[PDB]
Structure formats: C-alpha cells, structure tokens
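Each remark here refers to the structure printed beneath this line.
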Amino acid sequence: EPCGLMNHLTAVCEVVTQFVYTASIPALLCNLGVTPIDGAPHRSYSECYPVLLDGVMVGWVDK
Amino acid sequence: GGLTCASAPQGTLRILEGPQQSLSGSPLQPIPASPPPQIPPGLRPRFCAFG
C-alpha cells in the first residue's frame, strides 16, 4: 500500500540546512550583468531573462 | 534659473565585470573508472581429498 509514496534518499544525497546572509548576492548579480527591476533593461523585455533570488526578483539579465 | 530637460542621450553604456574561460582539461577522477576486482597471485589450493 505505501509503494511509490514512501521513498528513501540515495547515499550521496543530502538536505540543505545551513542559513547564510545572502545580502551581498543582489549587489554581485548587478556587477555580473543583471539590470535592477527599476529599469533600462538594454533590450526588449522579451529577449531578457527574469532573474529571481529566493522569491525576490532582482530582474532581467540580458539574454 | 531652474532645471530644464536637455537633449536626449545618443547612447547608453552598461558596464559589468567579467572573468574568462580556461582550457578544457576535463580531469574526471583522482583514481578513475571502476577498477576491476582481481586474482590474488599464486593463491594455491587450500583443501585436499582423503586418501
């Protein structure tokens, strides 16, 4: 009765449990080439990727 | 003496900082592959018949 519903992790698999700052990441993504949600994407909003980081949309790295 | 709109910019520059790619070496494993199980040298029979 529990088939396919009760699974088990492989030996190498693991759950993430650490918590980090993730505050300097939005400022690094912009150095890398992302353009903030505020504007000037430099393309057409259709040739651009919507960047998300943990629910918060940094916004529109060029394609 | 106030601020007025000036001429439209003629171009835009977007700066980002980027490093480059190295050569493809693809060094897959320290001791690589699945090394095969194998024969211990000589071994010898560890059993004899009676008589």
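As a convention, Cβ positions derive from the backbone with ideal geometry for all residues, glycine included, and neighbour counts pool all protein chains shown. Values in this text are rule-based calculations from the coordinates and carry no lab data.
Computed across chain A, the Kirkwood radius stands at 14.8 Å (inverse of mean 1/r, all Cα pairs).
Basic side chains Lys and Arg get +1 at the Cβ, acidic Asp and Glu get -1 at the Cβ, and with that the dipole of chain A about its Cα centre reaches some 200 debye.
Can you give the Kirkwood hydrodynamic radius of chain B from its Cα pairs, in Å with one decimal?
The Cα-based Kirkwood calculation yields 21.5 Å.
Each residue in A:42, A:8 was given a count of other beta-carbon atoms within 10 angstrom of its own, and listing them fewest first yields A:8, A:42. In this simple spin-label approximation, residue B:15 and residue B:49 carry label points 7 Å from Cα along the Cα→Cβ vector, and these lie 9.2 nm apart. Of the residues B:20, A:52, A:25, the one whose Cα sits farthest towards the positive end of the charge dipole of the protein assembly as shown is B:20 (charges of +1 on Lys and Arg Cβ, -1 on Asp and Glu Cβ, taken about the Cα centre). Available extension along the chain between residue B:39 and residue B:6 is 3.3 nm, counting 0.36 nm per residue and deducting the alpha carbon span.
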